[PDB]
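The chain below stands alone, shown as structure tokens; this is the form deposited in one PDB entry.
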């Protein structure tokens, strides 16, 4: 393809002629895809090979986006570099279907009915079942990572306001063996906020976050305490004033009881006891949307590179191969 060059907010964009009307939103632009007639979101990766971590991270983001082919997950329409060889290669651009806003754009100033909450959370979980089936934990699900178009159709972005608020208490405790239900926690927090119009846990730091989480869900019971390896975490938790799990009907008063029932299955304190994305999609709150024959699972995802300790030039070369081997969704 033929490329053109421009400057948008100090950043320099070199993209094929097919992409027109670049409009600022790595750095991100909205554009018009003349080949398909659709509006797209285009991401320029900043300093992709600045260091080993940046290089592995560049490779990681690209491998992820190439694998994700699900309606409620962000995937790739296109990948390109203006580089005409591996040695020249120092820029990665990723393009996807533009939705046009995020969930935080919607919630704000806005009251959503129970049917809208059903539709939205159904989609998040449907997307998560797919992600979790590829052995991927999102880890940072929040409103700003949920892209929503005007039909209220939703795509999860950015797997690999304040992030803190939607984060699982075991991540706040700094447990290194947290599981996928860390994402179910976030969805529970996201749902709560759509039903109520306020942040369920607006904490000022990691300590306050945990404190307000335990006020709703209670202090750990015996079963959970037995699983905490760290003496200091336990000293702390058990030195707080003990707290019962609050009645979720009292707290979320006026909400569809089916939505309150799902809420408390998602926000169970012990992560071993939290509902999975697949289980949640079968919950009666989504009877209107659910179709087991249309909640697909992902092909096997090779994350074995995660363990590997490579040179910058090695991650670069690998990323280069992945740019070149790209075949669009068509």
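For the two forms, the rigid core is made up of the largest set of C-alpha atoms that agree within 1.5 Å on superposition. Positions refer to the first chain, counted from 1.
The form deposited in another entry is left out here; the points below concern that form.
Colleague: Of 81, 180, 199, 209, which one has a Cα that moves 2 Å or more between this form and the one not shown once the core is lined up?
Modeller: With the rigid core fitted, the residue that moves is 81.
Colleague: Would the C-alpha of residue 264 be classed as shifted by 2 Å or more between this form and the one not shown after rigid-core alignment?
Modeller: Moves: no, less than 2 Å.
Colleague: For residue 279, is the C-alpha shift between this form and the one not shown 2 Å or more after core superposition?
Modeller: Not so; residue 279 is displaced by less than 2 Å.
Colleague: Rigid core superposed, CA of residue 53 - does it shift 2 Å or more between this form and the one not shown?
Modeller: The answer is yes, as the C-alpha of residue 53 shifts between this form and the one not shown by 2 Å or more after core alignment.
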